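> Below is one structure. I have some questions about it.
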Amino acid sequence: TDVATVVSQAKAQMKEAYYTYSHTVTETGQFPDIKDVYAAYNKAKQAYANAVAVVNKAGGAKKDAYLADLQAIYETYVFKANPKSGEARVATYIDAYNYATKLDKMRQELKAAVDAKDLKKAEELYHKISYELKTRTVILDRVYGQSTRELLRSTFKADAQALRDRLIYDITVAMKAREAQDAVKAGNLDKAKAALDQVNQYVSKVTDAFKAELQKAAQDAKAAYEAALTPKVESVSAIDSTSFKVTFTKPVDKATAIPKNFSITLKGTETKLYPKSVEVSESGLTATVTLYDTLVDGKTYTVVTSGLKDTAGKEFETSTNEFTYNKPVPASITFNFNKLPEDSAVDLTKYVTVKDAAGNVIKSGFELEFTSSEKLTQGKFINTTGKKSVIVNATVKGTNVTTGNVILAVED
């Protein structure tokens with residue numbers, strides 16, 4: 001009833017509300033029921049308001065000092081707009097505890113979505129929870145007590161971050177896959193390739209939760225991206241003096257990969273060579289074209305392809321592509337080592353190196369003939385079993401580049 005006592009008590013009640021959470025955090029390392037804290041919060045507000053009315057009535061010459069005192073205690077312990085450190089302790093705690101338990105609930109809701117393998121629900125929650133973690137963690141900063149701020153982060157926040165982080169690959173590939181689809185469906189192949197590149201970058205890192213669905217999504221994006229590409233002739237290159245290699249950017253309908261659809265001209269002249277046969281890669285996108293006519297060393301040839309179609313539908317554009325035929329010039333030949341392994345069939349071509357005059361190794365475009373102390377099979381295999389030496393001679397046919405007779409040890 002007396003004013004001094006009323007204000008004395010209302011201040012005690014305001015602090016009591018802060019003790020409601022702070023004491024239990026400190027004593028037990030736990031949080032109170034938030035509802036007890038709300039109850040204490042409301043008692044303090046009512047204690048405040050009642051104390052004000054009593055002071056307005058019977059405070060006399062201390063009226064203003066009383067209201068300021070009350071206000072100061074209120075603003076520190078219970079509530080204040082835009083709190084600084086140590087202010088609005090109860091209201092900041094409530095907000096942070098509520099922020100933190102919403103995190104926990106969202107985390108648990110996310111876990112349910114991955115447990116139920118629901119990609120769309122997990123995607124939504126990942127974004128919502130990401131937003132909470134980034135934009136609203138400042139709520140935690142306004143809490144009074146390093147000890148209790150740390151209790152909020154460890155208790156609730158750390159788990160939520162961990163679930164979110166763990167899912168980033170899953171959500172990225174789902175997003176990029178559909179961005180890819182949407183890009184091709186929108187006639188934008190640069191956008192689709194770039195989206196697809198990301199897919200490919202991350203899909204080997206998705207978790208188990210949605211792996212099949214996500215791998216499926218990624219395969220659908222790849223395939224849908226290929227479809228939009230135009231089948232192209234990429235290149236031609238000589239092989240020997242009567243054949244050349246053609247490369248496709250996309251497997252070719254083998255029924256269109258026939259001689260009549262290939263034209264070969266000695267470039268800049270009217271001399272035209274006839275295709276004999278076309279032999280396609282089951283591998284899809286490369287064929288060997290064999291000519292009746294012979295290619296001249298050092299000449300350039302233009303290959304005009306027409307009438308080719310895809311492994312499924314689309315037409316290659318008539319295309320012009322050249323290659324130049326060069327028959328290498330063997331200058332030297334040597335055996336790679338002073339020895340051969342002990343085996344019943346050693347291929348001598350694997351043991352010998354041929355170079356041109358500049359000393360560059362000539363990998364193809366020449367024939368090898370051998371003589372040996374040992375019987376030769378297929379012109380190149382020898383049996384070294386039970387032998388400690390053998391004699392061999394590699395000559396590049398039918399030039400005069402040759403090893404001469406060389407005695408090689410047999411040892412592994």
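Chain labels run A, B, ... following the order of the structure tokens; each chain numbers its residues from 1, and ligands are numbered from 1 in the order shown.
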Neighbouring residues of residue A:275 were defined as those with any atom within 10 Å, considering only C-alpha atoms; residues of the same chain fewer than 5 positions away were excluded. Please report them as a ChimeraX atom specification.
/A:242-243,258-264,289-293
> Filtering to C-alpha atoms, could you give me those residues as a tab-separated table (two decimals), in the first residue's frame?

chain	number	residue	atom	x	y	z
A	242	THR	CA	44.01	-45.33	-99.16
A	243	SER	CA	41.86	-44.31	-96.20
A	258	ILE	CA	27.85	-44.97	-96.94
A	259	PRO	CA	30.33	-44.18	-99.82
A	260	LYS	CA	27.86	-42.20	-101.90
A	261	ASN	CA	27.57	-39.52	-99.22
A	262	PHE	CA	31.30	-38.76	-99.27
A	263	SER	CA	33.20	-36.71	-101.84
A	264	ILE	CA	36.97	-36.48	-101.98
A	289	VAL	CA	36.50	-44.27	-95.28
A	290	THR	CA	38.47	-46.48	-97.66
A	291	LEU	CA	39.33	-45.22	-101.15
A	292	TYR	CA	39.83	-47.09	-104.40
A	293	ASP	CA	42.33	-44.43	-105.34
> Can you tell me, as a PyMOL selection string, what residues are no more than 9 Å from residue A:230 when counting only C-alpha atoms, ignoring any on the same chain fewer than 5 positions away?
chain A and resi 249-250+310+314-317
> What does the file look like for those residues with N, CA, C and O atoms, as a short mmCIF file (atom, residue, chain, number, x, y, z; two decimals), in the first residue's frame?

data_model
loop_
_atom_site.label_atom_id
_atom_site.label_comp_id
_atom_site.auth_asym_id
_atom_site.auth_seq_id
_atom_site.Cartn_x
_atom_site.Cartn_y
_atom_site.Cartn_z
N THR A 249 30.30 -35.25 -84.15
CA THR A 249 30.03 -34.72 -82.82
C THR A 249 28.81 -35.41 -82.21
O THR A 249 28.24 -34.93 -81.24
N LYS A 250 28.42 -36.54 -82.78
CA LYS A 250 27.13 -37.13 -82.46
C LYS A 250 26.96 -38.38 -83.32
O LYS A 250 27.05 -38.30 -84.54
N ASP A 310 21.40 -38.29 -88.05
CA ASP A 310 21.68 -38.68 -86.67
C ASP A 310 21.38 -40.15 -86.40
O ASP A 310 20.70 -40.81 -87.18
N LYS A 314 17.88 -36.05 -86.80
CA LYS A 314 18.42 -34.79 -87.32
C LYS A 314 19.41 -35.00 -88.46
O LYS A 314 20.06 -36.04 -88.55
N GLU A 315 19.52 -34.01 -89.33
CA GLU A 315 20.43 -34.12 -90.47
C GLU A 315 21.72 -33.35 -90.20
O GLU A 315 21.68 -32.20 -89.76
N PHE A 316 22.86 -33.98 -90.46
CA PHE A 316 24.10 -33.24 -90.45
C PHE A 316 24.00 -32.21 -91.56
O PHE A 316 23.37 -32.46 -92.59
N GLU A 317 24.62 -31.06 -91.38
CA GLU A 317 24.66 -30.08 -92.45
C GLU A 317 25.71 -30.52 -93.48
O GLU A 317 26.80 -30.97 -93.10
#
> Considering only C-alpha atoms, tabulate each residue of stretch 216-299 of chain A that lies at most 10 Å from stretch 359-378 of chain A along with its nearest interatomic pair and the corresponding distance in Å to one decimal; arrange the rows by chain and ascending residue number and present them as a tab-separated table.

residue	atom	partner	partner_atom	distance
A:239	CA	A:365	CA	7.7
A:240	CA	A:365	CA	6.6
A:241	CA	A:365	CA	9.1
> Just checking: using only C-alpha atoms, which residue out of A:334, A:200, A:207, A:154 ends up closest to residue A:170?
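Residue with the minimum atom-to-atom distance to residue A:170: A:207.
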> Would you return as a PyMOL selection string the members of stretch 29-240 of chain A that DSSP assigns to strand (DSSP E) on this structure's backbone?
chain A and resi 233-240
> When distances are computed from only C-alpha atoms, which of A:299, A:65, A:59, A:78 shows the smallest separation from residue A:44?
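Distance minimum relative to residue A:44 lands on A:78.
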> So that I can check the surroundings of residue A:75, please list as a list in words every protein, DNA and RNA residue that reaches within 9 Å of it, counting only C-alpha atoms and ignoring chain neighbours fewer than 6 positions away.
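My reading of the contact set: residues 81, 83, 87, 88 and 89 of chain A.
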> Tell me, as a list in words, which residues lie within 7 Å of residue A:209, counting only C-alpha atoms; anything in the same chain fewer than 6 positions away does not count.
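Here the answer would be residues 114, 115 and 117 of chain A.
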> For a test of reading the model, state the distance in Å between atom CA of residue A:285 and atom CA of residue A:194, rounded to one decimal.
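Those two atoms sit 23.8 Å apart.
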> Which residues are close to residue A:1, i.e. within 9 Å by only C-alpha atoms, leaving aside same-chain residues fewer than 4 positions away? Reply as a list in words.
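Listed by chain and then number, they are residues 5, 6 and 54 of chain A.
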> Between A:229, A:116, A:312, A:129, which is the closest to residue A:253 once you count only C-alpha atoms?
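When distances to residue A:253 are compared using only C-alpha atoms, the smallest one comes from A:312.
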> Just want the 12 Å neighbourhood of residue A:8, counted on only C-alpha atoms, with same-chain residues fewer than 4 positions away dropped. Output as a PyMOL selection string.
chain A and resi 1-4+12-15+47-48+51-52+55+66-67+69-70+73
> Rank A:273, A:109, A:43, A:28 by their smallest atom-to-atom distance to residue A:9, using only C-alpha atoms, and report the top residue only.
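Closest to residue A:9 of all the choices is A:43.
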> Tell me, in Å to one decimal, how far atom CA of residue A:167 is from atom CA of residue A:206.
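So the answer is 7.4 Å.
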> Pick out the closest residue to residue A:219 from this set: A:127, A:96, A:252, A:174. Count only C-alpha atoms.
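The shortest atom-to-atom distance to residue A:219 comes from A:174.
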> Stretch 89-312 of chain A: which residues are alpha helix (DSSP H) by DSSP, as number ranges by chain?
A: 89-115, 119-135, 138-141, 146-152, 158-166, 168-185, 189-202, 211-228
> Would you put the residues from that selection into a file with C-alpha atoms, as a short mmCIF file (atom, residue, chain, number, x, y, z; two decimals), in the first residue's frame?

data_model
loop_
_atom_site.label_atom_id
_atom_site.label_comp_id
_atom_site.auth_asym_id
_atom_site.auth_seq_id
_atom_site.Cartn_x
_atom_site.Cartn_y
_atom_site.Cartn_z
CA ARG A 89 17.03 -8.85 -21.01
CA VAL A 90 13.81 -10.86 -20.79
CA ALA A 91 12.38 -9.74 -24.16
CA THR A 92 15.68 -10.44 -25.93
CA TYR A 93 15.93 -13.86 -24.31
CA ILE A 94 12.37 -14.74 -25.30
CA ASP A 95 13.03 -13.70 -28.92
CA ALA A 96 16.28 -15.65 -29.07
CA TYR A 97 14.87 -18.74 -27.41
CA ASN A 98 11.96 -18.60 -29.84
CA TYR A 99 14.34 -18.04 -32.76
CA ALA A 100 16.46 -20.98 -31.61
CA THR A 101 13.56 -23.45 -31.13
CA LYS A 102 12.18 -22.53 -34.53
CA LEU A 103 15.58 -23.45 -35.91
CA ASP A 104 15.32 -26.81 -34.11
CA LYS A 105 11.82 -27.40 -35.40
CA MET A 106 12.81 -26.52 -38.97
CA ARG A 107 15.82 -28.80 -38.69
CA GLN A 108 13.60 -31.65 -37.47
CA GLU A 109 11.14 -30.90 -40.27
CA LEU A 110 14.01 -31.01 -42.79
CA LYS A 111 15.21 -34.33 -41.41
CA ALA A 112 11.68 -35.69 -41.86
CA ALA A 113 11.76 -34.57 -45.49
CA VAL A 114 15.02 -36.41 -46.16
CA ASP A 115 13.83 -39.44 -44.21
CA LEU A 119 13.00 -33.59 -52.49
CA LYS A 120 10.67 -30.61 -52.98
CA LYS A 121 9.88 -30.27 -49.29
CA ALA A 122 13.57 -30.56 -48.42
CA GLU A 123 14.43 -27.94 -50.98
CA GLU A 124 11.92 -25.48 -49.52
CA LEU A 125 13.05 -26.00 -45.94
CA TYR A 126 16.71 -25.76 -46.94
CA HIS A 127 16.08 -22.27 -48.27
CA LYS A 128 13.93 -21.18 -45.35
CA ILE A 129 16.43 -22.53 -42.85
CA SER A 130 19.34 -20.99 -44.75
CA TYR A 131 17.56 -17.63 -44.54
CA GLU A 132 16.94 -17.97 -40.78
CA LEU A 133 20.58 -18.88 -40.19
CA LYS A 134 21.93 -15.96 -42.20
CA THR A 135 19.56 -13.07 -41.59
CA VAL A 138 21.68 -11.38 -34.90
CA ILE A 139 18.70 -12.02 -32.57
CA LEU A 140 21.11 -14.22 -30.63
CA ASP A 141 23.65 -11.40 -30.35
CA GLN A 146 27.95 -14.95 -23.14
CA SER A 147 27.27 -18.17 -21.24
CA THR A 148 23.65 -18.19 -22.35
CA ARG A 149 24.29 -17.00 -25.90
CA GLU A 150 26.68 -19.93 -26.21
CA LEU A 151 24.07 -22.25 -24.69
CA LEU A 152 21.60 -21.16 -27.38
CA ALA A 158 24.87 -26.02 -34.47
CA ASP A 159 22.61 -28.97 -35.38
CA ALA A 160 20.56 -26.85 -37.75
CA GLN A 161 23.67 -25.57 -39.56
CA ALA A 162 25.05 -29.07 -39.90
CA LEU A 163 21.90 -30.48 -41.52
CA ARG A 164 21.68 -27.54 -43.85
CA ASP A 165 25.33 -27.68 -44.94
CA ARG A 166 25.13 -31.41 -45.52
CA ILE A 168 23.88 -28.15 -50.27
CA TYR A 169 24.94 -30.44 -53.12
CA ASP A 170 21.49 -32.05 -53.24
CA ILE A 171 19.71 -28.71 -53.53
CA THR A 172 22.18 -27.25 -56.00
CA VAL A 173 21.88 -30.12 -58.47
CA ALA A 174 18.08 -30.12 -58.26
CA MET A 175 18.08 -26.41 -58.99
CA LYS A 176 20.60 -26.60 -61.80
CA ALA A 177 18.94 -29.59 -63.40
CA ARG A 178 15.64 -27.76 -63.80
CA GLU A 179 17.42 -24.56 -64.82
CA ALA A 180 19.01 -26.72 -67.50
CA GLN A 181 15.73 -28.18 -68.66
CA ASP A 182 14.12 -24.77 -68.65
CA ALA A 183 17.01 -23.35 -70.66
CA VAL A 184 16.74 -25.87 -73.51
CA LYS A 185 12.94 -25.70 -73.47
CA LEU A 189 21.89 -23.66 -75.03
CA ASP A 190 24.64 -21.60 -73.40
CA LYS A 191 22.48 -21.25 -70.34
CA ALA A 192 21.70 -24.98 -70.38
CA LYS A 193 25.33 -26.11 -70.81
CA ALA A 194 26.41 -23.91 -67.93
CA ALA A 195 23.61 -25.22 -65.71
CA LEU A 196 24.54 -28.72 -66.82
CA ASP A 197 28.23 -28.21 -66.07
CA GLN A 198 27.23 -27.41 -62.48
CA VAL A 199 25.07 -30.51 -62.29
CA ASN A 200 28.07 -32.59 -63.43
CA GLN A 201 30.32 -30.83 -60.94
CA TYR A 202 28.24 -31.70 -57.90
CA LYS A 211 20.31 -39.85 -54.85
CA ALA A 212 18.31 -41.87 -57.36
CA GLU A 213 15.90 -39.03 -58.05
CA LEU A 214 18.75 -36.56 -58.42
CA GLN A 215 20.90 -38.82 -60.61
CA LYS A 216 17.78 -39.32 -62.73
CA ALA A 217 17.16 -35.58 -62.96
CA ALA A 218 20.73 -35.07 -64.07
CA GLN A 219 20.55 -37.76 -66.75
CA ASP A 220 17.29 -36.23 -68.00
CA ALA A 221 18.98 -32.85 -68.30
CA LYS A 222 22.03 -34.22 -70.14
CA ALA A 223 19.90 -36.18 -72.62
CA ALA A 224 17.51 -33.29 -73.16
CA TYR A 225 20.56 -31.10 -73.80
CA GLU A 226 22.10 -33.41 -76.37
CA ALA A 227 18.85 -33.63 -78.30
CA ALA A 228 18.95 -29.88 -78.97
#
